[PDB]
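Let me begin by presenting the structure, written as structure tokens, before commenting on it.
4 protein chains.
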Amino acid sequence: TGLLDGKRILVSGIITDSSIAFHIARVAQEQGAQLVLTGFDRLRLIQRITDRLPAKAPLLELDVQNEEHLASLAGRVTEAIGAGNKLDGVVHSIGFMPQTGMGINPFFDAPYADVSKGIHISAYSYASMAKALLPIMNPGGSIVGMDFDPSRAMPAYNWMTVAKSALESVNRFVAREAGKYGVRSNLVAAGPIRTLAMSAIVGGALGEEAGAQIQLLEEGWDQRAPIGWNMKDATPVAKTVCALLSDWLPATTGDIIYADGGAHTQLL
Amino acid sequence: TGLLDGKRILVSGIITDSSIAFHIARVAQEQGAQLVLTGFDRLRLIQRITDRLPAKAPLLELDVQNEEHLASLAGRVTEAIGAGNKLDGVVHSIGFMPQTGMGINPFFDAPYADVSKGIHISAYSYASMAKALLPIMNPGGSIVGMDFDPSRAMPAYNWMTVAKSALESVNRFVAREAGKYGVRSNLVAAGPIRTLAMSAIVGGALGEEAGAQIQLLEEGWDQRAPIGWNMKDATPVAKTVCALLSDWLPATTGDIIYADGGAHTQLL
Amino acid sequence: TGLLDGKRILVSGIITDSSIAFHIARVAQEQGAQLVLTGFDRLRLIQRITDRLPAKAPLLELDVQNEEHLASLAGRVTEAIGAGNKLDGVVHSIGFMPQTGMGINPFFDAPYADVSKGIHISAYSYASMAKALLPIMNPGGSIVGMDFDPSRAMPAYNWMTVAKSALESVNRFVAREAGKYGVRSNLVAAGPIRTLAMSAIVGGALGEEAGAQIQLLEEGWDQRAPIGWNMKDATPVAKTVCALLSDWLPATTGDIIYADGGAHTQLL
Amino acid sequence: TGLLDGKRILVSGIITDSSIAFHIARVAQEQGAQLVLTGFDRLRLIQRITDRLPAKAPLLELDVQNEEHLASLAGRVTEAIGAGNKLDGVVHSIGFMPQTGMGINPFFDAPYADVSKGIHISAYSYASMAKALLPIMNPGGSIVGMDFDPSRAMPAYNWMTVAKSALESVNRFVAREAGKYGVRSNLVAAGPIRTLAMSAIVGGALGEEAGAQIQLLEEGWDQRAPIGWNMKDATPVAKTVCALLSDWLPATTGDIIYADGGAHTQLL
Ligand SMILES: NC(=O)c1ccc[n+]([C@@H]2O[C@H](COP(=O)([O-])OP(=O)(O)OC[C@H]3O[C@@H](n4cnc5c(N)ncnc54)[C@H](O)[C@@H]3O)[C@@H](O)[C@H]2O)c1
Ligand SMILES: NC(=O)c1ccc[n+]([C@@H]2O[C@H](COP(=O)([O-])OP(=O)(O)OC[C@H]3O[C@@H](n4cnc5c(N)ncnc54)[C@H](O)[C@@H]3O)[C@@H](O)[C@H]2O)c1
Ligand SMILES: NC(=O)c1ccc[n+]([C@@H]2O[C@H](COP(=O)([O-])OP(=O)(O)OC[C@H]3O[C@@H](n4cnc5c(N)ncnc54)[C@H](O)[C@@H]3O)[C@@H](O)[C@H]2O)c1
Ligand SMILES: NC(=O)c1ccc[n+]([C@@H]2O[C@H](COP(=O)([O-])OP(=O)(O)OC[C@H]3O[C@@H](n4cnc5c(N)ncnc54)[C@H](O)[C@@H]3O)[C@@H](O)[C@H]2O)c1
Ligand SMILES: Cc1cc(C)nc(SCc2cc(C(N)=O)no2)n1
Ligand SMILES: Cc1cc(C)nc(SCc2cc(C(N)=O)no2)n1
Ligand SMILES: Cc1cc(C)nc(SCc2cc(C(N)=O)no2)n1
Ligand SMILES: Cc1cc(C)nc(SCc2cc(C(N)=O)no2)n1
Ligand SMILES: [Mg+2]
Ligand SMILES: [Mg+2]
Ligand SMILES: [Mg+2]
Ligand SMILES: [Mg+2]
Numbered sequence: 002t003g004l005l006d007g008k009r010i011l012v013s014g015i016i017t018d019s020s021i022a023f024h025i026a027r028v029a030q031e032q033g034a035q036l037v038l039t040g041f042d043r044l045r046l047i048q049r050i051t052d053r054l055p056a057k058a059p060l061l062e063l064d065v066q067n068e069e070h071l072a073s074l075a076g077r078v079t080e081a082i083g084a085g086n087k088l089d090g091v092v093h094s095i096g097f098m099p100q101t102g103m104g105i106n107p108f109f110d111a112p113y114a115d116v117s118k119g120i121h122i123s124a125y126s127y128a129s130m131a132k133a134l135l136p137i138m139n140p141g142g143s144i145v146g147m148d149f150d151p152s153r154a155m156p157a158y159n160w161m162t163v164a165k166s167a168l169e170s171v172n173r174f175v176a177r178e179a180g181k182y183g184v185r186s187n188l189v190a191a192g193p194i195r196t197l198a199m200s201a202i203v204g205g206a207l208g209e210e211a212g213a214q215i216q217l218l219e220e221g222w223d224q225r226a227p228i229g230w231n232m233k234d235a236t237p238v239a240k241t242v243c244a245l246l247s248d249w250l251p252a253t254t255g256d257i258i259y260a261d262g263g264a265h266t267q268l269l
Numbered sequence: 002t003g004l005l006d007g008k009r010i011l012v013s014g015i016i017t018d019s020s021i022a023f024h025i026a027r028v029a030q031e032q033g034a035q036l037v038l039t040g041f042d043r044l045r046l047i048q049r050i051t052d053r054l055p056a057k058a059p060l061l062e063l064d065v066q067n068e069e070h071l072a073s074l075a076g077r078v079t080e081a082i083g084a085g086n087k088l089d090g091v092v093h094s095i096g097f098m099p100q101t102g103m104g105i106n107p108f109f110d111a112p113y114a115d116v117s118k119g120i121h122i123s124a125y126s127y128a129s130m131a132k133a134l135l136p137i138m139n140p141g142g143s144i145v146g147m148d149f150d151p152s153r154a155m156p157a158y159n160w161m162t163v164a165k166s167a168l169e170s171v172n173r174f175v176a177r178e179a180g181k182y183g184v185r186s187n188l189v190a191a192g193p194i195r196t197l198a199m200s201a202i203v204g205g206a207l208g209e210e211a212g213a214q215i216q217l218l219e220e221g222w223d224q225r226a227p228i229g230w231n232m233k234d235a236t237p238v239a240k241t242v243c244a245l246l247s248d249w250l251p252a253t254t255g256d257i258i259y260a261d262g263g264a265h266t267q268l269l
Numbered sequence: 002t003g004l005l006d007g008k009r010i011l012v013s014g015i016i017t018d019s020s021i022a023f024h025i026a027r028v029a030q031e032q033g034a035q036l037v038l039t040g041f042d043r044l045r046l047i048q049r050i051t052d053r054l055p056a057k058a059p060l061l062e063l064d065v066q067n068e069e070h071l072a073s074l075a076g077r078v079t080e081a082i083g084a085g086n087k088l089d090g091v092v093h094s095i096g097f098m099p100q101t102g103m104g105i106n107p108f109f110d111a112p113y114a115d116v117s118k119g120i121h122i123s124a125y126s127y128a129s130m131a132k133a134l135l136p137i138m139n140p141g142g143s144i145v146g147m148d149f150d151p152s153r154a155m156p157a158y159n160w161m162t163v164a165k166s167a168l169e170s171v172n173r174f175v176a177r178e179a180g181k182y183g184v185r186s187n188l189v190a191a192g193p194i195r196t197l198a199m200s201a202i203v204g205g206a207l208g209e210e211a212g213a214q215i216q217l218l219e220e221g222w223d224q225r226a227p228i229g230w231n232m233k234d235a236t237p238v239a240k241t242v243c244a245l246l247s248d249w250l251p252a253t254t255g256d257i258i259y260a261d262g263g264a265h266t267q268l269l
Numbered sequence: 002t003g004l005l006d007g008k009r010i011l012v013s014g015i016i017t018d019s020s021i022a023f024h025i026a027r028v029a030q031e032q033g034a035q036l037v038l039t040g041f042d043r044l045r046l047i048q049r050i051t052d053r054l055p056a057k058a059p060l061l062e063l064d065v066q067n068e069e070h071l072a073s074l075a076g077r078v079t080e081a082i083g084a085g086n087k088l089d090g091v092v093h094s095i096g097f098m099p100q101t102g103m104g105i106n107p108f109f110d111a112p113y114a115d116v117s118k119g120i121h122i123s124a125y126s127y128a129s130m131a132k133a134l135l136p137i138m139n140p141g142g143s144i145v146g147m148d149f150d151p152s153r154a155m156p157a158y159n160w161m162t163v164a165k166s167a168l169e170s171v172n173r174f175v176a177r178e179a180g181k182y183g184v185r186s187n188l189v190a191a192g193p194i195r196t197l198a199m200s201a202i203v204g205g206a207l208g209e210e211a212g213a214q215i216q217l218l219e220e221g222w223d224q225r226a227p228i229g230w231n232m233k234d235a236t237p238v239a240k241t242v243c244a245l246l247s248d249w250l251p252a253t254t255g256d257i258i259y260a261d262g263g264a265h266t267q268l269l
């Protein structure tokens with residue numbers, strides 16, 4: 002009697018035990034969902050990481066920049082879940098921006114090839130995954146992507162923020178297409194989460210000024226949040242993704258749910 | 002094993018079997034919640050209506066314009082739920098705007114006394130109820146109010162839209178106060194629902210032009226909604242309110258969840 | 002050859018030489034506009050203040066809560082400007098919230114009578130003035146109101162923020178009515194301005210905590226603003242109001258122009 | 002005594018006499034501005050078109066996808082305006098999306114190479130131009146870009162809408178950089194304009210369904226606009242761009258001004 006009992010859900014984006022997708026996968030399994038996982042490039046690493054999940058789940062390779070991986074994806078998922086079975090859910094928890102597009106590298110100094118790669122992975126791939134998976138999704142189904150509120154510019158995030166603005170726009174169009182299948186498409190805008198990369202950035206991996214700026218942003222976020230914000234805890238974000246994967250928000254689509262402690266609703 | 006098992010929830014706003022609050026109360030009970038209901042003025046009528054709910058629930062009188070009703074409310078709820086017990090949820094499903102403030106009566110012709118009454122009932126009362134109930138709410142608790150997207154002006158709704166804009170602002174402040182109790186505060190922005198009053202308006206109860214305009218708005222809403230919009234079905238709205246009353250959106254506060262078929266995310 | 006040469010403009014809201022309306026009136030006159038001023042209650046004081054403006058301007062009494070003042074307003078303006086002449090512009094620079102609705106007084110402790118008075122003056126009066134003045138405005142005309150961005154809740158501002166949210170909604174409806182006259186209606190959302198009342202608040206006139214909170218908000222505003230924000234200088238705000246009164250934004254209506262140093266477009 | 006007397010302004014984006022940039026250039030010249038024009042690929046055509054402007058203006062080649070054109074741009078402008086002189090204004094009126102990214106071609110069928118080209122030209126180039134031109138702009142200067150409101154998804158526009166969402170995000174970051182030079186950066190969100198390409202689209206150049214959908218969008222736009230919307234008249238848009246190029250909106254940056262007849266503020 003979990004929130005997601007009997008649901009078949011694809012979860013992309015696990016790389017480490019601190020990935021937001023690891024926690025989404027863990028909570029979905031705690032809630033009775035049967036998962037299919039997708040991983041990029043380091044499959045041996047991802048398998049060892051996913052071995053820590055409450056239940057076993059088939060892992061499929063998916064490089065979103067690879068058209069062959071996308072073209073074979075639905076067939077590979079069908080084989081993993083069994084012929085005649087379809088997905089009820091899809092989680093996009095994929096994001097990347099080359100170092101030139103984030104941090105202390107001046108915003109104007111990011112070459113377009115780098116920005117384009119980041120936009121391909123972080124925004125266009127949300128449409129790529131929906132195109133590949135909608136033909137194998139059941140009516141009442143749900144597609145969820147991870148967002149970081151890009152409504153206002155912020156230091157260091159730079160082109161990653163531009164990619165999120167593009168992602169929010171993509172989500173509204175994916176919802177139009179997904180609707181033809183009786184499927185919802187939404188994003189969860191999370192507050193900052195101390196993933197391995199976020200800790201490294203605050204530690205100065207992308208320059209001192211950028212680290213200092215992200216640390217101030219994190220502190221301000223918890224201060225603004227009426228219920229507080231714990232950057233070390235991805236569970237509230239994972240629960241929110243599961244809320245969207247469930248039958249409990251059936252009239253919400255092309256939309257954004259903020260799992261940010263309410264920080265975006267307050268100025269100070 | 003319902004979504005709201007063991008939760009004690011107050012639900013205001015039932016007047017007819019077509020009230021959005023009736024459906025919120027029905028779904029909350031189907032999901033294991035123990036309810037306390039509040040009713041305005043016509044208690045005998047409300048009791049006969051609520052007798053149709055899946056389970057028995059104490060009904061308390063609450064006129065939000067009456068300071069004595071508000072001052073005695075927490076004590077009356079405690080008596081109904083038993084000393085030592087507190088509420089986990091509160092539903093505000095209250096709205097009113099005198100006839101001069103809605104319909105064919107020109108927007109400029111609404112006297113302030115009428116607008117002020119409508120704003121008192123539809124917006125200020127969200128803060129009034131939170132003030133009365135927060136001292137008897139448990140941490141992890143949830144306050145939910147009903148909204149109708151007032152981001153853009155629309156024909157006929159007139160001062161009711163102004164009252165909703167004020168309500169959205171009130172919600173952000175209530176979240177600040179509710180946070181001190183470990184309580185969330187959010188609104189559900191519903192698409193148009195064919196309540197008794199909505200059917201009467203489309204039928205011309207507030208003038209021909211206003212009826213024609215609201216009918217066009219309803220049609221456009223379903224056309225824009227990527228998953229469609231059924232104005233005759235309050236169930237998707239009721240489910241969304243229950244999603245907010247549950248433990249599944251724990252990092253969302255001072256916010257608005259749109260249960261509108263995704264219509265507000267599309268232009269055409 | 003001023004920006005507003007030959008335009009007849011009504012300007013309300015002058016009380017001191019630090020009123021935003023004093024600077025709007027000064028810049029409009031520097032730009033060739035012929036003004037009619039309205040004042041509340043302290044006409045002798047207002048006249049002595051307005052004697053400092055670059056040019057002489059008739060001053061009319063206007064209490065926005067007084068229906069007789071509103072009913073006689075168009076006739077009184079016509080007498081001041083001459084029969085056969087109409088206004089090209091109207092400036093609403095009126096705002097009030099009783100002490101219980103702002104500052105350290107808890108948000109929940111503001112009685113409705115106080116909130117309603119504040120909403121009457123700060124929001125409903127924008128519609129009251131447009132109703133009175135549209136019959137004496139020329140096509141191509143412009144109505145401008147003063148806003149303080151209420152999209153996110155903030156400390157101390159409390160019910161004044163709720164009143165601004167209501168004002169933004171009122172503006173969108175006033176635009177619908179004003180359009181029938183070929184008239185535009187818009188708000189200027191200013192950054193914080195050190196008026197006499199703002200200085201008194203920071204100084205602790207409405208409690209220590211509220212003063213400290215508003216001082217932090219002011220500092221954050223200049224820090225966020227990509228071009229900086231000088232709270233001691235109302236000139237950039239006055240220039241923006243004149244931009245809206247001019248023929249230079251002819252396709253903008255029911256809208257909000259932010260004269261806030263760009264602070265609302267940045268998170269940090 | 003024009004609005005832009007003595008200002009040196011670069012205007013990009015003229016291709017035909019129906020280009021929005023042609024009208025921006027015409028109004029800026031009527032208002033006393035001294036222009037430098039940039040053109041893409043068809044310089045002989047652009048020169049013959051620009052010969053119709055009120056005054057002579059040097060024309061420089063600028064392909065925004067060409068790093069050499071961008072690297073030599075400031076030097077070429079300085080040569081055209083004279084050593085010791087700098088620009089007061091910059092107009093970005095550049096947009097492109099390959100046919101696969103707009104129209105009847107399904108949203109999912111646009112290959113990334115096409116989307117990336119469109120995003121390069123329509124969004125990234127706003128940052129490219131600011132990087133090249135800020136070192137030759139005077140304090141008090143203004144950068145203006147052309148936007149088409151992408152807040153909600155719409156039929157046919159597809160990836161062009163995604164590119165506009167990315168552009169709005171880019172604008173907020175450009176404002177941060179431009180602020181260091183005492184320069185403002187803003188976008189004008191225009192209503193639909195019957196350029197040669199728009200007429201061809203409505204005529205079915207990108208498929209019947211797309212043409213029909215854009216025609217419905219145009220009709221709805223004028224219906225919603227409280228002051229109406231004339232798609233055959235770029236003058237109100239050109240005037241708005243000049244308002245931003247002037248000294249009259251000195252505290253507005255990282256922002257969006259809507260020259261859309263107020264259509265985006267109304268639902269119906
Ligand atoms: N960490 C935060 O503060 C934060 C905040 C809000 C939203 N988000 C978003 O959450 C999502 C997950 O990120 P995270 O913070 O868990 O970091 P992460 O590094 O753990 O997850 C990013 C994932 O993207 C994958 N990926 C990269 N390139 C790929 C490709 N070519 N094909 C397929 N997958 C590819 C990586 O392998 C990794 O699994 C991202 O969309 C991120 O932007 C993160
Ligand atoms: N019907 C729609 O299309 C629609 C759309 C979105 C949101 N909403 C909102 O949903 C909520 C419920 O409205 P509904 O559509 O179910 O209509 P309804 O008439 O069934 O419910 C309104 C309720 O407000 C109560 N109320 C009025 N004055 C009161 C007072 N002084 N004290 C206490 N309660 C008082 C009424 O008794 C009634 O129970 C309202 O906030 C409404 O604005 C309605
Ligand atoms: N000061 C700021 O930081 C700030 C920021 C943004 C917007 N604004 C807005 O600018 C406008 C002008 O305020 P200000 O800051 O110049 O303060 P102010 O005190 O100088 O101006 C407020 C004016 O409202 C008038 N008023 C009050 N009650 C009235 C009534 N019954 N009838 C008619 N007029 C009445 C007062 O007489 C006064 O002239 C207000 O709308 C205010 O909210 C102020
Ligand atoms: N037409 C509308 O309905 C509408 C509405 C709102 C905003 N806009 C925007 O206004 C701007 C001007 O477009 P328009 O409608 O006048 O169409 P247009 O075709 O007349 O202008 C587009 C311009 O972009 C130029 N361009 C394309 N690729 C380029 C490159 N590689 N380098 C440099 N310049 C390049 C073209 O040469 C052309 O001059 C665009 O940003 C467009 O999206 C248009
Ligand atoms: C909002 C947000 C913040 C961070 C640090 N990573 C992410 S996605 C993960 C990631 C890592 C990198 C990188 N440059 O290593 N780029 O993207 N998204
Ligand atoms: C958004 C929306 C629409 C309607 C018809 N009623 C409501 S609340 C119910 C109601 C009824 C009335 C009335 N004038 O009878 N005023 O308010 N809210
Ligand atoms: C946004 C903003 C801020 C302030 C201090 N005053 C205003 S209007 C002026 C005013 C003064 C008072 C008062 N309580 O004296 N209420 O309103 N508006
Ligand atoms: C919002 C909007 C609408 C249109 C028709 N063109 C533009 S920019 C001009 C353009 C033309 C094309 C094309 N595919 O020919 N792509 O972009 N922008
Ligand atoms: Mg294991
Ligand atoms: Mg019964
Ligand atoms: Mg004098
Ligand atoms: Mg010529």
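Protein chains in written order, with UniProt numbering: chain H, 2 to 269; chain W, 2 to 269; chain L, 2 to 269; chain R, 2 to 269.
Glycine included, C-beta positions come from ideal geometry on N, C-alpha and C.
Ligand 3 heavy atom lying under 6 angstroms from the CB of residue i
i, result
"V65 of chain L", "yes"
Cβ-heavy atom distance, residue i to ligand 6, below 6 angstroms
i, result
"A111 of chain W", "no"
Distance cut-off 6 angstroms: residue i Cβ against heavy atoms of ligand 11
i, result
"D52 of chain L", "yes"
Residue i classed as buried or exposed, judged by whether at least 16 other C-beta atoms fall within 10 angstroms
i, result
"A190 of chain W", "buried"
"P237 of chain R", "buried"
Any C-beta of chain H under 7 angstroms from that of residue i
i, result
"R77 of chain L", "no"
Contact with chain R by residue i, beta-carbon distance below 7 angstroms
i, result
"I228 of chain L", "yes"
Inter-residue CB distance, residue i and residue j (contact presumed, cutoff 8 angstroms)
i, j, result
"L250 of chain R", "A179 of chain R", "14 angstroms between Cβ atoms; not a contact."
Contact between the segment 163 to 182 of chain L and the segment 238 to 249 of chain L: three or more CB pairs below 8 angstroms?
No: the two stretches stay apart, fewer than three of their Cβ pairs being nearer than 8 angstroms.
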